[PDB]
Amino acid sequence: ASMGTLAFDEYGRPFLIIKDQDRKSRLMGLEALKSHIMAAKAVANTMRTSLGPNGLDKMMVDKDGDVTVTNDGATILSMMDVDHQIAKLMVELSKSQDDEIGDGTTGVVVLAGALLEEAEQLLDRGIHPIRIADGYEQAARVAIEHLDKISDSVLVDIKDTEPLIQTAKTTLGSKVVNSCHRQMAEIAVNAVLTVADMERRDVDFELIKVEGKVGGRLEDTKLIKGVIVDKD
Amino acid sequence: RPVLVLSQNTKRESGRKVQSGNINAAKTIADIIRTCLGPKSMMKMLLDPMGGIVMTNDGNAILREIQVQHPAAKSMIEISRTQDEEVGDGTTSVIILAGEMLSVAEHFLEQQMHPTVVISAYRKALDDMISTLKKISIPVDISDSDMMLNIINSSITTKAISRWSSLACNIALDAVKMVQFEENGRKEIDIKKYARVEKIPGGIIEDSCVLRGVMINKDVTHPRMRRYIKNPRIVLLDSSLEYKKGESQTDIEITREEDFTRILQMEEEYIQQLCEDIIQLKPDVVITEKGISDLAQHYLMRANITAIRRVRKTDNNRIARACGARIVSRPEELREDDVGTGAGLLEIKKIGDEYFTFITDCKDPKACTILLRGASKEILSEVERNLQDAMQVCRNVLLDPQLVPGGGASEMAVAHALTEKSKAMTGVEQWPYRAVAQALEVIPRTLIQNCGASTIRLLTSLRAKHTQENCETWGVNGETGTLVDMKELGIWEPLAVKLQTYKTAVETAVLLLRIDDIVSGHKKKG
Amino acid sequence: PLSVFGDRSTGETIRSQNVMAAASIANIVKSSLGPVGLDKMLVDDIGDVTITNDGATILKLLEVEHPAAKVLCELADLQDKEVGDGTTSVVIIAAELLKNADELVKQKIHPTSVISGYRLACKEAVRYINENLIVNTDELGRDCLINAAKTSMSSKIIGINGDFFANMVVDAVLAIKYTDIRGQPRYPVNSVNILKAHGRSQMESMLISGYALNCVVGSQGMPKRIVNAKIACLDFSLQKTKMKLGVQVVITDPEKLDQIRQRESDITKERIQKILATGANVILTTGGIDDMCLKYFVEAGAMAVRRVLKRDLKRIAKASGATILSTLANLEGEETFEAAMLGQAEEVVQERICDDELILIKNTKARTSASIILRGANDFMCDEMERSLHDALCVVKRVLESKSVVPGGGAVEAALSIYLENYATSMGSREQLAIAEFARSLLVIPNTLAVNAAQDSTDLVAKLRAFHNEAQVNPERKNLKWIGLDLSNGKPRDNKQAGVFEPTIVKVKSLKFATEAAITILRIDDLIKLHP
Amino acid sequence: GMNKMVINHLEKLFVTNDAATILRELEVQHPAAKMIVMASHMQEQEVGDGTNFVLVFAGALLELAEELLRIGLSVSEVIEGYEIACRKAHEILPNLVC
Amino acid sequence: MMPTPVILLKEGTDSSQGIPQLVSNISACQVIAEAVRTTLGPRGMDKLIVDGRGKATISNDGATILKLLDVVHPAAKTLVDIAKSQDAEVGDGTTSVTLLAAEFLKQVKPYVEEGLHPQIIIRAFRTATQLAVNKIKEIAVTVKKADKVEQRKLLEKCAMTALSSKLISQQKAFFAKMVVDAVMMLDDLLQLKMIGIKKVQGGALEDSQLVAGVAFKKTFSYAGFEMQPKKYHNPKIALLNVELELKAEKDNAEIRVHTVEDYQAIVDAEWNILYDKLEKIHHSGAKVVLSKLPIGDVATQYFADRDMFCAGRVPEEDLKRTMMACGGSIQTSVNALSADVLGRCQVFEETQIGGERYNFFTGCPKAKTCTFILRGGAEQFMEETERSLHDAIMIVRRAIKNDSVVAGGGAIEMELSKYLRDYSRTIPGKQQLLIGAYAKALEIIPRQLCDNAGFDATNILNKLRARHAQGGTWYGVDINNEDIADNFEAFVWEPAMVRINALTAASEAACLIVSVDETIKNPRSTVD
Ligand SMILES: Nc1ncnc2c1ncn2[C@@H]1O[C@H](COP(=O)(O)OP(=O)(O)O)[C@@H](O)[C@H]1O
Ligand SMILES: Nc1ncnc2c1ncn2[C@@H]1O[C@H](COP(=O)(O)OP(=O)(O)O)[C@@H](O)[C@H]1O
Ligand SMILES: Nc1ncnc2c1ncn2[C@@H]1O[C@H](COP(=O)(O)OP(=O)(O)O)[C@@H](O)[C@H]1O
Ligand SMILES: [Mg+2]
Ligand SMILES: [Mg+2]
Ligand SMILES: [Mg+2]
Ligand SMILES: [Mg+2]
Ligand SMILES: [Mg+2]
């Protein structure tokens, strides 16, 4: 069940097929799926405590001893030193969510963990995993259609930023800057609205410079309609 | 953690490789001693792992001193030992014959012939070999001592003792003749037990003789006893002549002051009673396999009796056979018939720096000793081996009075007979038949090679001679390398030796041809 | 998850591993089957050499660490113990059954169906053998026993010499026949002593019309030949008498010490005289004899043998009519030996066999015994000759006990394969496939026989199958059931006419045992191997 | 003939029944076998086919030479006989052209 | 054996010959086939292989799995080689070739164990394979109408069948439509380098798009790039191979002056050379400037001042695709920038795609190239999507070459097995057994399909055999309904050349494996 196959032939003469076959490992069939589901469940259960306004940060320490206290799911999984391949798949999923959207990088991991956890008990009852995947795809289509149905539209005009401010506040609610919550949402909305092509076109993040400097207070963070240069 | 259906140290080899390896191993064993055959053979030096030196040209000794790893070589060694034990001669011949038959069998195995066919052909060949050997034999009058001496000579012309031919022949013949014994309607010779060979380094080989009695490396227990008795009456014993503890636990308890002295006096009285019982038969010599007490020695010297102690059981049996005595264990049951009368002289004399006891004038002795005097221990060991071969040949002739021409004449005659017989089979096994028949030519070929003459010319001439009608006794002269009639040269061999050699060689070839798998390395699992 | 300190294999992996192990064991001995089989040479890593063809011996000498291979090895051992022949065939059949059953399982056939099919096929094969493929030995006579012995000794070192060895085996077996209660003639093989001594060729092997002892007389003074022997068998040592553990000698008056010491040996002297006063000539004892009693026997001119093996002594006593006497004590409390307790023989000698000596008890009375002295070229040859001779003796015993024999040379397997292939179509839906695969597996024996001869195995087996199909289809061609394989010419041949017979019990027991082993191994689907 | 899988010292597969290729990919160490291989390669260079013939004929000649040496003939006589027979064979060969 | 004081071959040489080594070779082939056994069919499962460096490759492609496996068995390497051969010549069926070869060897293993001469087996395989290929060519369905709608539908169905075994099988209709469109708009040689495959992390599979033009990633813009307009409505594209930056005039050039006016003149001359190149580019009327060589900051600012767009260090393949789509010519010199050598596209735009910026050239009416932009959640996700799309593209190209289709799902092989059994029932009988074994081996694919789907393979095989015997050429395994169906009517279509090449390669591999009798393995050199 492990290490692959080992017979050394029925005639006693050596029977070697793959280089270093005695040093390699092999998992097959249902127990491989169970191991993968267990690893993904572990990752998702680790991440799920940092979900929502009452989420708790994770204190990440890299190989050099530098400390990164953070709540972002993609950052946490990126700095996590994993060796399991399914954990790497979880990390890549978080990175994908961060790149495409930028928010919800923790919800994807919890959702994937829940889906695999349910698929475990489905597999225990003798359902082919491809059937589970097909059912998941069907239900995902239904859920996406329902989201489109129950969705609501907001105005993205520059003369009324209240819905935009509310959305930014909701995004920031789970972060440590919730003390300066409204100011942070205000500056983020103004920054995006200032540098953007109004015909629903792209927003060039290269035109937004995020600069940090120690000292002062967190409330001193401000949006500057210009450039702050590190020179004199 | 490998699966390991078989053990890790188990190795398997199979196929043509196994057969080729077995046949090559047999050929190598043959080549070791190929040159040690014939009158012109050369001796070999064998270094004993214990530090000794064995210098010989006997085939069995050479093969016995060699350690080998290939199991086919072990089989060949066992074949040599079997031939030596069964008849005592023809060891080199049987080894060479087995090697040659295995070679000619490999010839067919290389082609698409199954080994069973070769084995069946070999067995048919062996049957015809036996038939022809019995056919070409001649009878022998065992009464004629000259013919027996000639046979022993022909046996020992190829050994280092051949320089002293008449002496060795007479020694062997006399020893066998006076060890021959018959009782209760059963006849026996028993060269192994009686007819002891005792070698004393020094002197000259011409002084070697077989005594009409036995000789042991023993001396009188007390110097006052006579060392030269004319017509002794010998009494043999096993039990010690000394006070001994009983079998059961026999603790004593002494409370009276005079019991200790009494007990010691009873010990002395017991010794005196045993000695008196022995003396009652009026003997002159007392031999014991165990100790003799000093007080017993005194009591025996009081009666003028020579006493020898701590004699080996084999030596004591030999003495009993020689002097017509019977070993007894309880002196109180000693009878007149047990007293050994028949020894005509007993003499203890010094040889070199050591005493030797001689009982050497027995009338009609059924046991004997052979006193070998020579240059050193190795020379005497080789002389003993040659004389053992001579005695074995003499015994074989005495049991079976058939003779067979030597010098390779019998080999060529049998080969020609089998070749002529093979012309009528017209089957598929005729070829192995003819091959194993012509494999017998390795004996005359080896004789010619050792002699140094041209092999091809002499074998061609010999085959042409044997193609005639009355030429079964034509062989190869071992010295001049010429074709001579063996009824003129006089070299003859016992039929038993030839039969045993042929049988053993053919059967070895059959046994080794039968194997095609080798597995090794497994545990003993005793 | 499990946290078991060991390795685990599950599913197709363990099944294929077991099949591989069984196939390796079968391939080890597959080359030593049939008349064109060849022996092997085993080296025991200390120089010991064993040359053999017997499957059981090869499998016992080999050290094996895979338990399925161990199952096959013990299968061979069981077949040897219960039958004595067919030890290689049962192993090969079991391995082929396992191979084909595993193929069926890999085809998603449930192993329970395969096991049920195998059970049905084995039952039907035994029934068909008993109903159609048996030949009674009543209408054949001694020729049947001779042919069975010759067939058994084929593929052995004594195969070519069957014309002589079969006569020897049959005479030895018939010489020990005894009838018990219920009037059942039973033949106690292993009562034939087999002695090995190198020397002359195989033709000089001797069949003793009596018993042969691997012992010599204890003293050179005793005679080595007695004409009218009166054998006395004893089970107690004849030595100086020593008191038991609970008895201790304590001396207060010294005058009694000499009497004590004298009586210590006078007791044994009196026992010897009591035994000898009845006219005894030969005395055999399992215990030892010291020099004093040896001289007592010497003076009387009587042969005395010590350290005789207990089984040899029992056989000698039974054959000669003597009685084992562990002690001399009658029911009157006295110590006596009566002449009625003595066996008799027509001659007892000490012959010389290749520089050694052994005692021959020739022509015992009140029962006939037998022993065989095997003469070979060396020790290995004699050992293999003994093994082959034992196989032949067991085969003759089976034939004489159960008077049914079956044609050899693969005839039974071919007939069974045809019959089972036809019969499977009337049973089940998947056990049908199992029975078909059982029938196909039964054909490994003729295939191996043909292959060992370097013959065209495919065409020869096809011709055999065609002959047996014609026999089973045409009611008037039933005489073709006996067509087997003639390996000398590589052609089908009427083996019953050719005299290639063998006991029915061999095939029946081999089939049953192979089915059991295949069912046992096929049941496994998971292996846990704890670390030592 | 049956193809042979030959793996040289560099894990380069050579499945072929060409005698010259098999010899080239075999690490022959014995000097006499080396000379036989060199003769085979010379035949391959000169003609292009017949290398296996070269090995078979040379091997048969050498085994029969060993037989002749064993029965008694000297090396020189065997060599002279082989040379004479080779000359006779070369003389005969043109007459066998079909 | 014996030590042989001077040994023939080098010490350590391993030799194996006879039946046992052939049986071992067959067993090794079985082991290799087992590695890709479960990857076959719509119910097939992927395999994950990790190299020594730690990178993980997740694939359903048989050739990829075999390549990632580091096989060193001499006989087992033949199956990897035939998988590569099938991938190269056809592009699909790399699992079928290995399964068929292993099944051939397994079927003939019992006969090999009986000592049957391998030449007979080889001849039987050759005869059976020739007959099977002829039958495939004979019964393959082709339509001699050259109807555009029918041809498009056939290509779409073949692409869907080639796609309904991979992780993108849920969007198989979508991706089949894309692949068919791309191959049809390829011009005449169907060069694979003319179909760009861009993988961008993030986004659903349905977010993947096919560009009717060319698209490539942003290439290391310099300062002043963000001032260039990022959308044009009818740009003219200048495809250049020119380094537009101040630099040494030549590597071995060396300037010698002895006067300050000459120094200033040399400096102004370098500047004037650069500005002359830039003015020549600008006066051509082009608005988008693409170069294979670096474009400096000075040139970037110069183009920004003119409302122009520049992008240096464009990969060569991307410039070739841009040339084939917009329709210009790559110029190593700017001295003759005429309207002939200028590309033209309807719309150029730079847009963000999942944290990356891409340049889009759309609206090309006579484009001979495409650009697949694939979205997904992981690097291996996009890699396997690309592999599946490559399989589909190769199938569509081959179907473009010849529209000869055979129904899949094991129907073609069941028909071939029936035909071969019928043929074998009418020959002497030594070859009959081997041809029957070949026909039985041709049943591995439907059996493997049923086994992977979790069916009962025996019942489906019996039903298929009965159906083919009583009539019906295109009845195969119906995975969804756990039954059999007319797979031709279910649009389970396969180009005939796929099965033809599969049978040819499997037969050749089996013949080569059987033909070998001895394996010789020389000792390693420089083990280090
Ligand atoms: N004078 C002789 N001339 C020729 N041949 C002889 C002579 N004496 C002995 N032989 C041959 O030499 C052989 C004896 O060789 P030997 O060394 O005794 O070998 P082994 O010890 O094995 O018998 C015999 O076969 C015999 O025929
Ligand atoms: N003379 C013969 N001709 C053909 N077949 C034979 C002959 N003698 C024996 N056989 C067959 O050879 C098979 C193998 O026997 P063998 O392997 O020697 O016995 P075991 O199985 O006890 O080792 C037996 O099944 C027998 O039927
Ligand atoms: N819809 C389908 N229904 C049944 N079988 C299918 C279907 N689509 C593909 N197949 C089968 O899948 C087999 C090939 O498996 P796949 O993994 O797609 O390609 P490859 O042969 O390259 O592994 C083909 O023999 C085909 O018959
Ligand atoms: Mg959030
Ligand atoms: Mg001699
Ligand atoms: Mg048997
Ligand atoms: Mg050629
Ligand atoms: Mg495919």
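Listed as the method for this PDB entry is cryo-EM; the listed resolution is 2.8 Å.

**Notes on the overall build of chain C**
Counting its regular elements, chain C contains 17 helices and 22 strands. In terms of overall dimensions, chain C has a C-alpha envelope of 100 × 65 × 45 Å along the principal axes. Every one of the 532 residues in chain C was classed for burial, and the buried ones make up 58%. Considering only residue pairs separated by 6 or more positions, chain C has 73% of its internal contacts joining residues 24 or more positions apart. Summed over its atoms, the accessible surface of chain C is roughly 21,400 Å², and 50% of this surface lies on carbon and sulfur atoms. Distance between charge centres in chain C, computed from 65 positive and 67 negative side chains, equals 3 Å.

**Quick word on the interface of chain E and chain C**
Listed per partner, the contact involves 12 residues of chain E and 13 residues of chain C. With both chains or domains summed, chain E and chain C bury close to 1,000 Å², and 38% of this area falls on carbon and sulfur atoms. Taken as a group, E:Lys106, E:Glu114 and E:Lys430 account for 41% of the area that chain E buries against chain C, more than any other trio of residues on that side. Joining chain E to chain C, the criterion identifies 5 salt bridges. E:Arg37 is paired through a salt bridge with C:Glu12; the nearest N and O atoms lie 3.5 Å apart.

**Quick look at empty space enclosed by the protein**
Residues and elements named next belong to chain E. Applying the stated criterion across every chain yields a total of 5 cavities of 30 Å³ or more. Estimates place the volume of the largest cavity at around 110 Å³. Contributing to the lining of the largest cavity are 14 residues, with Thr-219, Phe-220, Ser-221, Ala-311 and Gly-312 lying nearest its centre. Broken down by element, the lining of the largest cavity gets its largest block of residues, 3 residues, from strand β11 (residues 309-311). Here the lining of the largest cavity is built from residues that sort into 7 nonpolar, 5 polar and 2 charged.

**Comments concerning the sheet that holds strand β8 (residues 231-232) of chain E**
Residues and elements named next belong to chain E. An order of β7-β14-β13-β8 is seen for the 4 strands of this open sheet, with the pairing classed as antiparallel. The strands lining the two open edges of the sheet, one partner per strand, are β7 (214-217) and β8. Here 7 bridges tie strand β13 (residues 347-353) to strand β14 (residues 356-362), and the two strands are oriented antiparallel to one another. Note on β14: the bridge partner recorded for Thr-351 is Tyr-358. Where helix α10 (residues 316-326) meets the sheet, its contacts fall on β7 and β14, and the angle it forms with β7 comes to roughly 155°.

**A short note on a positive patch on the surface**
Together, B:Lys244, B:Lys290, B:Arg309, B:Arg310 and C:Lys240 line one region of the surface with positive charge. For B:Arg309, a relative accessible area of 33% translates into the label partly exposed.

**Description of the UniProt feature "binding site: Mg(2+)" in chain C**
All names here are of chain C. Summarizing the sequence annotation, UniProt attributes the feature "binding site: Mg(2+)" to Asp-85 in the numbering used throughout. Within the secondary structure, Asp-85 sits in the loop between α3 (67-82) and α4 (87-106). Take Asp-85: its relative accessible area is 18%, and that puts it in the buried class. When residues no more than four places from it in sequence are discounted, the contact partners of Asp-85 are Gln-79, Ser-152, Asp-391, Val-395 and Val-506.

**Side note on the site of ligand 2**
Residues and elements named next belong to chain C. Close to ligand 2 lie 21 residues; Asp-85, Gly-86, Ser-155, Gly-409 and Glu-502 are nearest. Residue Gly-86 places a main-chain N or O atom 2.5 Å away from an oxygen atom belonging to ligand 2. Top contributing element to the shell around ligand 2 by residue count: α4, with 3 residues.

**Comments concerning the site of ligand 3**
All names here are of chain E. Near ligand 3 lie 21 residues; those nearest to it are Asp-92, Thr-95, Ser-164, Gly-409 and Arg-499. Backbone polar atom of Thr-94 to an oxygen atom of ligand 3: 3.4 Å apart, as the coordinates give it. Contact between ligand 3 and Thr-95: an oxygen atom at 2.7 Å from a side-chain N or O atom of the residue. For ligand 3, whose unbound accessible area comes to 560 Å², protein coverage reaches 92%. Examining the composition of the shell around ligand 3, we find that 3 residues originate from one element, helix α4 (residues 94-113), more than from any other.

**What to know about the nonpolar core**
In terms of nonpolar packing, the biggest core is built from 120 residues, with E:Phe104 and E:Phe372 touching the most fellow members. Sort the elements by how many residues they give to this core and helix α16 (residues 496-515) of chain E lands first, with 13 residues. If sequence neighbours within four positions are ignored, E:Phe372 has contacts with E:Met178, E:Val179, E:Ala182, E:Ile195, E:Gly196, E:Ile197, E:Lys198, E:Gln209, E:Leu210, E:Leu389 and E:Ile393. Counting 107 residues, the second largest nonpolar core, distinct from the first, contains B:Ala26, B:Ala105, B:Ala437 and C:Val169.

**Some words on the interface of chain C and chain B**
The interface of chain C with chain B comprises 88 residues on the first partner and 81 residues on the second. Contact with chain B buries surface across chain C, with C:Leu38, C:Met41 and C:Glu63 losing the most and accounting together for 10% of the total. Where chain C meets chain B, there are 11 salt bridges. The salt bridge involving B:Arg514 is made with C:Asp39; its shortest N-O contact spans 3.2 Å. For the pair chain C and chain B, the interface holds 45 residue pairs in polar contact. Looking at the side of chain C that touches chain B, the element that brings in the most residues is helix α8 (residues 257-276) of chain C, giving 7 residues. Of the residues that constitute the side of chain C that touches chain B, the class distribution is 33 nonpolar, 24 polar and 31 charged.

**Some words on the UniProt feature "binding site: Mg(2+)" in chain B**
Residues and elements named next belong to chain B. According to UniProt, the positions carrying the feature "binding site: Mg(2+)" are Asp-89. Tracing the backbone shows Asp-89 in the loop between α3 (71-86) and α4 (91-110). With residues near it in sequence (within four places) discarded, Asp-89 still touches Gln-83, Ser-155, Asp-389, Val-393 and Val-497.

**Topic: the coordination of the magnesium ion (ligand 7)**
Looking at the metal site, the magnesium ion (ligand 7) is ligated by D:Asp49 (OD) and D:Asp49 (OD), spaced 2.1 Å from it. Considering the arrangement of structural elements, one finds D:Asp49 in the loop between α2 (31-46) and α3 (51-71).

**Quick word on the side chain of B:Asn316**
All names here are of chain B. Position of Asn-316 relative to the elements: it lies in helix α10 (residues 313-323). Its relative accessible area of 0% is what places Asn-316 among the buried residues. For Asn-316, the side chain forms a polar contact with the side chain of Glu-289, separated by 3.3 Å. Ignoring any residue separated from it by four or fewer positions in sequence, one finds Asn-316 in contact with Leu-236, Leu-237, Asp-238, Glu-289, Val-311 and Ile-327.

**Structural notes on the UniProt feature "binding site: ADP" in chain C**
Residue and element names in this part refer to chain C. Annotation from UniProt places "binding site: ADP" at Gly-34, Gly-86, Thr-87, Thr-88, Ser-89, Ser-155, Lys-156, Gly-409 and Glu-502. Secondary-structure assignment places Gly-86 in the loop between α3 and α4. Beyond its immediate sequence surroundings of up to four residues, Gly-86 is in contact with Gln-79 and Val-506. Note on placement: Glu-502 falls in strand β21 (residues 501-503). Once you skip the residues sitting within four places of it in the chain, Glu-502 turns out to touch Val-405, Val-406, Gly-408 and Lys-507.

**A closer look at the pattern of salt bridges**
Tallying each qualifying case throughout the model produces 117 salt bridges over all chains. Among the salt bridges present, the one from E:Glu349 reaches A:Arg201, with a minimum N-O distance of 3.4 Å. Linking E:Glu349 in strand β13 with A:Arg201 in the segment after α7 (181-194), this pair reaches from one chain into another. Between B:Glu441 and B:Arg463 there is a salt bridge, with the nearest N and O atoms lying 2.8 Å from each other. With a gap of 22 residues between them, B:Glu441 in the loop between α13 (430-438) and α14 (442-451) and B:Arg463 in helix α15 (residues 455-466) connect regions that are remote in the sequence. On the accessibility criterion, B:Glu441 (9% relative accessible area) is buried.

Thresholds, definitions, all that
- Residues numbered from 1 in each chain as written, not as in the entry; some residues may be left out.
- Chains lettered and ligands numbered in written order.
- Part of a larger assembly, values for the part shown.
- Heavy atoms only, no water.
- Helix = DSSP H or I, 4+ residues; strand = E, 2+ residues; numbered from the N terminus.
- Buried < 20%, exposed > 50% of the residue type's maximum accessible area, 1.4 Å probe, protein only.
- Contact = heavy atoms within 4.5 Å.
- Areas by Shrake-Rupley, 256 points an atom, 1.4 Å probe, with all protein chains shown as cover.
- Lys, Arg positive; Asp, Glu negative; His and termini not counted.
- Charge placed at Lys NZ, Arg CZ, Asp CG, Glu CD.
- Buried area = accessible area lost by both parts, 1.4 Å probe.
- Salt bridge = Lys/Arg side-chain N within 4 Å of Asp/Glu carboxyl O.
- 1 Å grid on protein atoms, 1.4 Å probe; cavity = no way out; pocket = protein on both sides within 12 Å on 5 of 7 lines; lining within 4 Å.
- Points joined across faces, edges and corners; volume = space filled by probe spheres on them.
- Nonpolar A, V, L, I, M, F, W, Y, C, P; charged D, E, K, R; others polar.
- Pairing = 2+ DSSP bridges.
- Axes fitted to C-alpha atoms, helices over the stretch in contact; angles between N-to-C directions.
- Patch = residues over 30% accessible without salt bridge, like charges linked within 9 Å, V, L, I, M, F, W, Y side chains within 5 Å.
- UniProt positions renumbered as here; feature names shortened; annotations may be inferred.
- Near = heavy atom within 4 Å.
- Polar contact = N/O pair within 3.5 Å; in protein donor to acceptor, adjacent residues only side chain to side chain.
- Core = buried A, V, L, I, M, F, W, Y, C linked by side-chain atoms within 4.5 Å.
- Donors = N, O, S within 2.8 Å, 3.2 Å for Na, K, Ca; no water.

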